[PDB]
Every structure is written in C-alpha cells, then in structure tokens.
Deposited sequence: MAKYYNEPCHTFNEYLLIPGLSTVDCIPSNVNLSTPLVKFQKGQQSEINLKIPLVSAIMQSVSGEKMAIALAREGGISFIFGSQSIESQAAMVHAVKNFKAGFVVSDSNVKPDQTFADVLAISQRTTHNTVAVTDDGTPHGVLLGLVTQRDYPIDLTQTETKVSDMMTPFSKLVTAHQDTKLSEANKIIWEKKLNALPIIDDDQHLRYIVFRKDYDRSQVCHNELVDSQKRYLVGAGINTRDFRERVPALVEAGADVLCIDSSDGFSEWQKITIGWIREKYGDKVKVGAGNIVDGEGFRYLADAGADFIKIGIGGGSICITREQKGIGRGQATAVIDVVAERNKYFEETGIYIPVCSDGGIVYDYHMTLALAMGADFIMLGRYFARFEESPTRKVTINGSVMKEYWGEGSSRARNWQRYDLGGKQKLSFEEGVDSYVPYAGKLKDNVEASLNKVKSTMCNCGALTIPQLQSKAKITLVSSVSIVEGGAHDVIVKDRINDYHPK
C-alpha cells in the first residue's frame, strides 16, 4: 500500500496570518467574483459567480426557492437530482422563467441554475435538463474517481461538445483531480468525509481532512494548468463550520465553496420549519440517508437552527470574508490565493 508523510488536517486546524493592508482595501471594494467552469490561459471563464458560494446537490437544500434566492445574491444552486427527471427539470424551468445588483444571470437576464446528475440515467436526464434551460450540470457522487464519471462526461461531449458544462467529483488528491480533468470535467469538486452529516468512521472509512484535500488538489490543478494551459476551477465541498473557514478554503486555492448545512438553515430551503421546544429549527438530512436514497444505514437525519432569510446571512458572512481578505492584503480571490499566509495550529490550542 501507499502511505503519506503527513496526517490530513481540517479547516479548524488553520488560521490566517495578516499581511500588509493598504489604504484602498475596504470591504466594499473587495471583488468576490470567481470562475465556475474551465477555460484556457489568457481567457476568462464563460461563467463567473458574483460570490463564491453554491448550494449543495441535496433534496433538503437546493430546491427552486433556494436557487432563486441564491442566484439573486450572485451564487448558484444545483437542483438535486435525487428525484424524477420530470420533477428536477420542472424546477430548472421554474428558475429560468421566474421573471416571465449582484444577481447571477444569463444573456437573457434569467437567473442561473445548476442541476445534479448521476452516472446511471444521464442519457435521458441530461437532455431533459438541457431542454429545461440548465446552465450547468454536476455529477453527484461521494467517490468521483470512477470510470463511470469518465463515461458520463464522455457521453455529454460526444452529444454536445463543450456547449454543455459538467462538473465532476468528489475527489481528494491530485490523481483523482487529474483523472476527471483528462476526462473533460469543467470543474472538479473536492471532499469526502468532511460534510456535517458525515460520520465516515461509521460508514466505510474513506476520506481526508478537507484542508489537506483542497491544498493537494489545488497544487495538482496548478501543475495541470502549467502543463496544458487549461485552468480548471475547483470546489471545496463540505466541512464549512464557521465563516472564516470560507476564507480559508478560498485562500488555500478553492475557486468556490459548496455548502449544505449553511443553506439548509434558511427560509428558502425546501424543508419544513419545525418549532422544537421554543427553538425554531429546519430539517436536514443527507443524500445517503434512507429518507432520501430510496427514491445497515448510510446517512443521518437532523435539525439545524433557523437563521431566517438567505440574504441577510450571506451578506453578513461575506462581509467577514471581505474584511479578513483586507487583513491579508487581498482585494480579490485570486490575490488572496496568491498572498495568503496560512498556519497550522497545535491541537492543544484548539
């Protein structure tokens, strides 16, 4: 077997050391724009998010309302694919034709929306999603280092060329990144075992500390860019517990962040608002739980504290990210990724 020289680490084991803050760096001047799909050196991505946040491909998170609320703030949602093809396509259609400053829209001013797909019924699901107006797709899986994903992306390329965008994953190392890169993925998702609803050491024992995963994948992505001239955006998926973890994820190189629990707490999540013993909560369950996979166990069902509407919470979260970015001397995500000083902290200090 193959072993590693260092153990993996989570976001909580890191802190950012401030850099030179110049007079021009104030929150309001920080640009959080970021690329969603791959492009060549010298080019710009065909799709750029206004904010680096995307909602998870989960039944309990990304419904039509979430997609609209998030797109309005500049991010994008990936309508869950764990439902009928007709049902998912309807949600995409609804978002695209809802209108019939930081909003994320297409050339027709329609909100952008993404849709998750699987490696099984894609031949019938993809065409339906495309027809419905899906702007981007993403294969939804915990282990994306699979020949099945290569096959799915291949079918999409043969049928649509580079006209249809498709993200792939999840993977946690350079090899996994490289495989999906050569297979043609437009963006690659990072993360196995870091999700809030994931108790890896109770499931199959696969995974890697999210921080180490991102750092390793990002290094491979940059090496890949230098060899081929192709820049593939990467997504840090799961493990975001505090707002500063967002800044860390981006600083380590992730172009954008996928969150489930964070967004489930909002009014716009498709789940029921349940007042439990004085405290308002919201339902939240993983895609691996029986409560969802049937559309030993493989998931968990829980509650998250109600946080109100998405808007106010995202604004608050991003204000802190912008502020921290200025402490690090960065006005943009690329500048933060270049200038960030990231230190590991001792277990005792935690």
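Gaps between the deposited sequence and the modelled structure occur at positions 1, 102-221, 417-428, 484-503.
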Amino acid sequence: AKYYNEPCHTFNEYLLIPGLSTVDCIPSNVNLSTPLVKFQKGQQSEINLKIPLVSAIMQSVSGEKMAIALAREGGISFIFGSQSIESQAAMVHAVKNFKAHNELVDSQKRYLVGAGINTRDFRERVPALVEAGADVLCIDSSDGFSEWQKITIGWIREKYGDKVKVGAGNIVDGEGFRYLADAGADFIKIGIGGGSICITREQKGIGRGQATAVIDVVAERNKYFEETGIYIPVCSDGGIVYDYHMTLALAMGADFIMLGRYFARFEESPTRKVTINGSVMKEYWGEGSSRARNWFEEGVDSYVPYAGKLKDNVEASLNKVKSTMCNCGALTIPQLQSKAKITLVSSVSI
From here on, numbers count along this sequence of modelled residues.
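Across the other compared structures of the same protein with both neighbouring residues present, residue 200 lacks coordinates in at least a third. Where the other entries of this protein model the residues before and after it, residue 315 is kept in all of them rather than dropped from a third. Mean CA temperature factor is higher for 193-201 when stretches 193-201 and 163-171 are set side by side in the entry. Relative to one another, 212-220 and 113-121 have unequal mean CA B-factors, and 113-121 is the one with the higher figure. Of the candidates 131, 143, 255, 186, the deposited coordinates give 131 the top C-alpha B factor.
Among 270, 233, 176, 75, the highest C-alpha B-factor in the deposited entry belongs to 270. Among all modelled residues in its chain, residue 278 ranks in the highest third by Cα B-factor.
Among the modelled residues of its chain, residue 324 has a C-alpha B-factor that falls in the lowest third according to the deposited record. Placement of the Cα temperature factor of residue 237 within the chain: lowest third of the modelled residues, per the deposited record.
Among the modelled residues of the chain, residue 38 sits in the lowest third by CA temperature factor in this PDB entry. Sort the modelled residues of the chain by CA B factor and residue 62 lands in the middle third.
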